[PDB]
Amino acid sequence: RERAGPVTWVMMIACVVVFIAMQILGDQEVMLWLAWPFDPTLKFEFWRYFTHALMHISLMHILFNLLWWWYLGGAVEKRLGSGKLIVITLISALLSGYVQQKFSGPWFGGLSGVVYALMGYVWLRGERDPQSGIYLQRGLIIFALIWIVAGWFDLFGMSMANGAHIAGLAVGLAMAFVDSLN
């Protein structure tokens, strides 16, 4: 019955717990703790290269990010196993955040870079390794393009981490290419 494995589950719990903390303590106090290192003295607090992905300030984005995390991460954990999901997450979180802060500074967050990685990965891995048993549905490709496009053209009304999203997608494509040389 259950569709979400342990990694899928624990990521959702963490995102929720952090979302609550941001209501109780305020956005900024949590950002100070969880943001990408915003000072050289913070560059060895290694959690911060990944924890930015757990922060949301917007009810709509956390909902949608967790929706696609639940669905795509769940598919990947079930078919390809927990370890694979962990690696895509850490690598996409790391590199998406790297590209984002490079061009716009450290004040950012959201699980969306990991979601785009997962979209990229499930798509390409399905396209050219059909026997893997993972596949990105056409309806989902459409839904993800509109969402991306809405972000690029600022239709949501908020500030958008376009670097992290595009970098995240690229990572998920690259990993799927490699993973399916076969």
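Just count from 1 along the sequence shown to find any residue number.
- With 130-138 and 55-63 compared on mean CA B-factor from the PDB entry, the stretch scoring higher is 130-138.
- 109-117 and 146-154 differ in mean CA B-factor, and the higher of the two is recorded for 146-154.
- As recorded in the PDB entry, 24 shows the highest C-alpha B-factor of the residues 24, 11, 18, 171.
- Per-chain ranking of the deposited C-alpha B factor places residue 96 in the middle third.
- In this PDB entry, the Cα temperature factor of residue 181 sits in the top third of its chain's modelled residues, the highest group.
- Per the PDB record, residue ranking by Cα B-factor puts residue 46 in the highest third of the chain.
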